Amino acid sequence: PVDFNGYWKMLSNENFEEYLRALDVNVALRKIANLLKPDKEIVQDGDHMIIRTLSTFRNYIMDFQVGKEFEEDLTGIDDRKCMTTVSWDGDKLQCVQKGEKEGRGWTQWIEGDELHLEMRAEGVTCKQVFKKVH
Ligand SMILES: CC1=C(/C=C/C(C)=C/C=C/C(C)=C/CO)C(C)(C)CCC1
C-alpha cells in the first residue's frame, strides 16, 4: 500500500522553523522559506525514483535509488554533503543518512491522501504534512 507516483503539496509546518535552526540557516532564508512551501511531484519508475521540488525559487531534484546508495549534496539548503540510502522496513519507508549529527535519517508513513512523515535532525523532530492534489 504505497504509491508515490502522484502529486503532493505541502499544507503547513509545525517545525520548519526549528528545523532550519538545526542546520543553522540564515535569518533571511528562514524568512523566505516561510512563505515558501515547495510542491513535490514524485515519479516512480522501478528502482529509480525521482522526487521533484518546484518552489519557483530553486529546483532541487534528487534520484532516489530504492535499495541502493547515492550521494546527496545539500548545497542550497545548508551546504552539506553525504551518503543516503533507502529501505522498505514494511508498510513504511525509511531513509538513512550516513552523515554527521544525530538525527539525520528520514522516516515516512503514508496515510491515504495525505503524505505524512517524521523528519529527524539533530534530535529534532519535524512534522510536515503534504496533501494529495490529484
Ligand atoms: C531550506 C530550503 C529548502 C529545503 C530543502 C530541503 C530540506 C529539501 C528536502 C530534501 C529531502 C530531505 C528529500 C528526501 O526525500 C528548499 C531548497 C527546497 C527551498 C528553500 C530553502
# chains A, B, ... in the order shown; residues from 1 in each chain; ligands from 1
call {"tool": "residues_near_ligand", "arguments": {"ligand": "ligand 1", "cutoff": "8 Å", "atoms": "only C-alpha atoms and all ligand atoms", "output": "list in words"}}
result
residues 20, 25, 29, 30, 32, 33, 36, 37, 38, 51, 53, 55, 57, 58, 59, 60, 62, 64, 74, 76, 77, 78, 95, 106 and 119 of chain A
call {"tool": "write_last_selection", "arguments": {"atoms": "N, CA and C atoms", "output": "mmCIF file, in the first residue's frame"}}
result
data_model
loop_
_atom_site.group_PDB
_atom_site.id
_atom_site.type_symbol
_atom_site.label_atom_id
_atom_site.label_comp_id
_atom_site.auth_asym_id
_atom_site.auth_seq_id
_atom_site.Cartn_x
_atom_site.Cartn_y
_atom_site.Cartn_z
ATOM 1 N N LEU A 20 15.184 24.500 10.726
ATOM 2 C CA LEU A 20 16.084 25.354 9.942
ATOM 3 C C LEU A 20 17.233 25.796 10.820
ATOM 4 N N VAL A 25 20.425 27.806 9.558
ATOM 5 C CA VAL A 25 20.086 28.515 8.336
ATOM 6 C C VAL A 25 19.934 29.992 8.632
ATOM 7 N N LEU A 29 16.906 33.333 4.826
ATOM 8 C CA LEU A 29 16.379 32.110 4.235
ATOM 9 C C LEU A 29 15.169 31.541 4.927
ATOM 10 N N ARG A 30 15.177 31.826 6.232
ATOM 11 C CA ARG A 30 14.106 31.386 7.141
ATOM 12 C C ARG A 30 12.847 32.162 6.905
ATOM 13 N N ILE A 32 12.191 33.780 3.957
ATOM 14 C CA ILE A 32 11.747 33.491 2.594
ATOM 15 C C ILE A 32 11.067 32.155 2.520
ATOM 16 N N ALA A 33 11.704 31.200 3.197
ATOM 17 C CA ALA A 33 11.247 29.817 3.283
ATOM 18 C C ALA A 33 9.912 29.640 3.954
ATOM 19 N N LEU A 36 7.447 30.134 1.570
ATOM 20 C CA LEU A 36 7.669 29.049 0.632
ATOM 21 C C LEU A 36 7.210 27.741 1.243
ATOM 22 N N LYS A 37 6.797 26.893 0.299
ATOM 23 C CA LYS A 37 6.292 25.541 0.579
ATOM 24 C C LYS A 37 6.204 24.732 -0.692
ATOM 25 N N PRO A 38 7.443 24.334 -1.055
ATOM 26 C CA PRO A 38 7.657 23.526 -2.256
ATOM 27 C C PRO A 38 6.676 22.404 -2.397
ATOM 28 N N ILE A 51 12.219 12.542 -6.988
ATOM 29 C CA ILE A 51 11.369 13.391 -6.157
ATOM 30 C C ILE A 51 11.567 14.850 -6.548
ATOM 31 N N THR A 53 10.826 18.956 -6.862
ATOM 32 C CA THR A 53 10.738 20.098 -5.936
ATOM 33 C C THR A 53 10.793 21.368 -6.772
ATOM 34 N N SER A 55 9.590 25.072 -6.320
ATOM 35 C CA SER A 55 9.158 26.187 -5.477
ATOM 36 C C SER A 55 9.247 27.513 -6.189
ATOM 37 N N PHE A 57 11.704 28.868 -7.004
ATOM 38 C CA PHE A 57 12.838 29.618 -6.436
ATOM 39 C C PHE A 57 14.115 28.994 -6.916
ATOM 40 N N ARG A 58 14.221 27.704 -6.608
ATOM 41 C CA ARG A 58 15.389 26.898 -6.984
ATOM 42 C C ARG A 58 15.003 25.436 -6.978
ATOM 43 N N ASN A 59 15.242 24.831 -8.136
ATOM 44 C CA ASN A 59 14.962 23.427 -8.396
ATOM 45 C C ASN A 59 16.022 22.514 -7.821
ATOM 46 N N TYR A 60 15.507 21.578 -7.013
ATOM 47 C CA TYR A 60 16.395 20.612 -6.363
ATOM 48 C C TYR A 60 15.847 19.216 -6.454
ATOM 49 N N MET A 62 16.278 15.117 -6.951
ATOM 50 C CA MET A 62 17.108 14.028 -6.445
ATOM 51 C C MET A 62 16.700 12.730 -7.108
ATOM 52 N N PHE A 64 16.398 9.054 -6.074
ATOM 53 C CA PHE A 64 16.312 8.066 -5.014
ATOM 54 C C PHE A 64 16.231 6.662 -5.564
ATOM 55 N N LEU A 74 23.645 18.662 -0.238
ATOM 56 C CA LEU A 74 22.623 19.565 0.275
ATOM 57 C C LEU A 74 22.915 21.021 0.107
ATOM 58 N N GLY A 76 22.471 24.413 -0.965
ATOM 59 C CA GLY A 76 21.324 25.225 -1.356
ATOM 60 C C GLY A 76 20.343 25.301 -0.200
ATOM 61 N N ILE A 77 20.563 24.286 0.643
ATOM 62 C CA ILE A 77 19.776 24.074 1.872
ATOM 63 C C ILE A 77 20.597 24.601 3.036
ATOM 64 N N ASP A 78 21.675 23.860 3.302
ATOM 65 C CA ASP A 78 22.549 24.274 4.404
ATOM 66 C C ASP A 78 23.994 23.909 4.195
ATOM 67 N N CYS A 95 14.562 6.195 5.196
ATOM 68 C CA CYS A 95 15.824 6.632 4.580
ATOM 69 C C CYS A 95 16.775 7.015 5.689
ATOM 70 N N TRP A 106 15.749 10.131 7.675
ATOM 71 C CA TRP A 106 14.317 10.255 7.487
ATOM 72 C C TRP A 106 13.533 8.981 7.643
ATOM 73 N N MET A 119 10.336 13.672 9.964
ATOM 74 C CA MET A 119 11.694 14.108 9.692
ATOM 75 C C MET A 119 12.458 14.240 10.991
#
call {"tool": "residues_around", "arguments": {"residues": "residue 86 in chain A", "least_positions_apart": "4", "cutoff": "10 Å", "atoms": "only C-alpha atoms", "output": "list in words"}}
result
residues 64, 65, 66, 67, 68, 69, 70, 93, 94, 95, 96, 97, 105, 106 and 107 of chain A
call {"tool": "residues_around", "arguments": {"residues": "residue 100 in chain A", "least_positions_apart": "3", "cutoff": "9 Å", "atoms": "only C-alpha atoms", "output": "MDAnalysis selection string"}}
result
chainID A and resid 82 97 103:104 122
call {"tool": "write_last_selection", "arguments": {"atoms": "N, CA, C and O atoms", "output": "short mmCIF file (atom, residue, chain, number, x, y, z; two decimals), in the first residue's frame"}}
result
data_model
loop_
_atom_site.label_atom_id
_atom_site.label_comp_id
_atom_site.auth_asym_id
_atom_site.auth_seq_id
_atom_site.Cartn_x
_atom_site.Cartn_y
_atom_site.Cartn_z
N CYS A 82 26.64 14.22 1.85
CA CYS A 82 26.57 12.92 2.49
C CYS A 82 26.11 11.81 1.57
O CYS A 82 25.89 11.96 0.38
N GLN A 97 20.82 8.35 6.47
CA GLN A 97 21.96 9.16 6.00
C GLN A 97 23.17 8.85 6.86
O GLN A 97 23.08 8.93 8.08
N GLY A 103 20.48 12.43 14.03
CA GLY A 103 19.05 12.53 13.66
C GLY A 103 18.83 12.27 12.19
O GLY A 103 17.87 11.69 11.72
N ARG A 104 19.86 12.77 11.47
CA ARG A 104 19.87 12.63 10.00
C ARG A 104 19.62 11.22 9.55
O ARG A 104 20.43 10.34 9.42
N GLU A 122 19.27 16.11 14.22
CA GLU A 122 19.97 16.52 15.43
C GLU A 122 19.21 16.33 16.70
O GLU A 122 19.47 16.96 17.70
#
call {"tool": "atom_distance", "arguments": {"atom1": "CA of residue 16 in chain A", "atom2": "CA of residue 81 in chain A"}}
result
20.5 Å
call {"tool": "atom_distance", "arguments": {"atom1": "CA of residue 9 in chain A", "atom2": "CA of residue 34 in chain A"}}
result
14.8 Å
call {"tool": "residues_around", "arguments": {"residues": "residue 7 in chain A", "least_positions_apart": "5", "cutoff": "7 Å", "atoms": "only C-alpha atoms", "output": "list in words"}}
result
residues 40, 41, 42, 132, 133 and 134 of chain A
call {"tool": "select_by_dssp", "arguments": {"residues": "range 66-105 of chain A", "states": "strand (DSSP E)", "output": "VMD selection string"}}
result
chain A and resid 70 to 73 81 to 87 93 to 97
call {"tool": "atom_distance", "arguments": {"atom1": "CA of residue 118 in chain A", "atom2": "CA of residue 3 in chain A"}}
result
18.0 Å
call {"tool": "closest_residue", "arguments": {"among": "A:85, A:48, A:131, A:121", "to": "residue 18 in chain A", "atoms": "only C-alpha atoms"}}
result
A:121
call {"tool": "select_by_dssp", "arguments": {"residues": "chain A", "states": "helix (DSSP H, G or I)", "output": "PyMOL selection string"}}
result
chain A and resi 18-22+27-35
